[PDB]
Amino acid sequence: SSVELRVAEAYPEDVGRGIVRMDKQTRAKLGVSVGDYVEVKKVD
Amino acid sequence: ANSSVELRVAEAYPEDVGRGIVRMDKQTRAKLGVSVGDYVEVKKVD
């Protein structure tokens, strides 16, 4: 399952953490939980 | 076909809930070759 989301800037405490911040409904679309890994890629 | 990056899912800040965004830092954006405001495609690894 996949979704397309708009890139927004990190909060400063997140910089360098290798995280993506996504809300509950976005995680539910994806089938992921906090702490799971996702694959991210630029959209043409 | 664009390069892919693997990242850890974390919860959204509350003001962002419902916005349809992902927050990622600059080194992640550079790795993807995106700027703030472009779209990315996200897919579960697990």
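Chain naming here is simple, since letters A, B, ... match the order of the sequence lines and numbering starts at 1 in each.
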Check each atom of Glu9(A) against the heavy atoms of chain B and say whether the ones under 4.5 Å are side chain, backbone, both or neither. both
Check each atom of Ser1(A) against the heavy atoms of chain B and say whether the ones under 4.5 Å are side chain, backbone, both or neither. backbone
Residue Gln27(B) versus chain A: region with a heavy atom under 4.5 Å: side chain
ILVMFWY clustering at 4.5 Å (side-chain atoms), partners of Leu7(B): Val3(A), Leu5(A), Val7(A), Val20(A), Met22(A), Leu30(A), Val32(A), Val38(A), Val40(A), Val5(B), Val9(B), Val22(B), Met24(B), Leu32(B), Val34(B), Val40(B), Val42(B)
Pick from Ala8(A), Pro12(A), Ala10(A): which one has the most heavy-atom pairs with chain B under 4.5 Å? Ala8(A)
Steps toward side chain to side chain contact (heavy atoms under 4.5 Å, CB included) verdict (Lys43(B), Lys41(A)): CA-CA 9 Å; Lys43(B) 314 132 271 163; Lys41(A) 149 182 72 190; 3.7 Å; yes
Could you work out, with ring pair (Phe, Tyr, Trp, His ring centres under 6.0 Å) as the rule, every residue matching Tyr37(A), not counting sequence neighbours? none
Here's a test for you: under side-chain contact (heavy atoms from CB on, under 4.5 Å), which of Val34(A), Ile19(A), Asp36(A) qualifies with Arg8(B)? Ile19(A)
Interatomic distance, OH@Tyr13(B) vs CG@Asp14(A), rounded to 0.5 Å, equals 3.5 Å
Report which part of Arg19(B) has an atom under 4.5 Å of a heavy atom belonging to chain A: side chain, backbone, both, or neither. both
Roughly how far apart are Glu39(A) CD and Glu6(B) CD, rounded to 0.5 Å? 5.0 Å
Would the distance check show the side chain of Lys42(A) and the main-chain N or O of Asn2(B) forming a donor-acceptor pair, the cut-off being under 3.5 Å? no
So for atom NZ, which belongs to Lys29(A), do other residues, nucleotides or ligands contribute more than 12 heavy atoms lying within a distance under 6.0 Å? no
Chain A contact via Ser3(B) - which portion, at a heavy-atom distance below 4.5 Å: backbone
